[PDB]
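Asker: Have a look at this one.
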Amino acid sequence: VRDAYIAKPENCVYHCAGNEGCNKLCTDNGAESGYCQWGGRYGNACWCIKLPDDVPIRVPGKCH
Numbered sequence: 001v002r003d004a005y006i007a008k009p010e011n012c013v014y015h016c017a018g019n020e021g022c023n024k025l026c027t028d029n030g031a032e033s034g035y036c037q038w039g040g041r042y043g044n045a046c047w048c049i050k051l052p053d054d055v056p057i058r059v060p061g062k063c064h
């Protein structure tokens with residue numbers, strides 16, 4: 001498991017403006033919880049806690 005920004009294809013974070021949406025997005029994908037991280041390195045985006053190793057995460061680079 002890992003704490004990181006969950007990504008959708010291809011290497012794209014989920015923009016957010018509220019913790020609830022991230023919490024639901026993260027837990028729907030196996031994480032224990034999530035919240036919206038403001039002003040991070042990938043903008044305001046969903047951060048998941050204990051996201052499974054098999055769920056993609058945002059890595060350095062662009063979203064495409």
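Using the authors' numbering, the letters of the sequence shown map in sequence onto residues 1 to 64. Positions of the beta carbon are idealized from the N, C-alpha and C atoms, including for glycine.
1) Which same chain residues end up closer than 8 Å to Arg58 when comparing Cβ atoms and leaving out the 5 residues on each side of it in sequence?
2) Measuring alpha carbon to alpha carbon, tell me which of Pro60, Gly18, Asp53 ends up nearest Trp38.
3) Is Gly30 near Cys22, with beta carbons less than 7 Å apart?
4) Around the Cβ of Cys48, are there at least 16 other Cβ atoms within 10 angstroms (buried) or fewer (exposed)?
5) Taking the alpha-carbon of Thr27 as reference, which of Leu51, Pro56, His64 has the nearest alpha-carbon?
6) Can you look up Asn44 in the DSSP assignment and give me helix, strand or coil?
Answerer: In brief:
1) Excluding residues within five positions, the ones whose Cβ falls inside 8 Å are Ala4, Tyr5, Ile6, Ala7, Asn11, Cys12, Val13, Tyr42, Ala45.
2) Comparing Cα-Cα distances from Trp38 to each of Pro60, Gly18, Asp53, the minimum goes to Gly18.
3) Note that the C-beta distance between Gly30 and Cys22 is not below 7 Å.
4) Buried, because 16 or more other Cβ atoms sit within 10 Å of the Cβ of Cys48.
5) Per the Cα distances, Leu51.
6) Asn44 carries a strand assignment under DSSP once its states are collapsed to helix, strand and coil.
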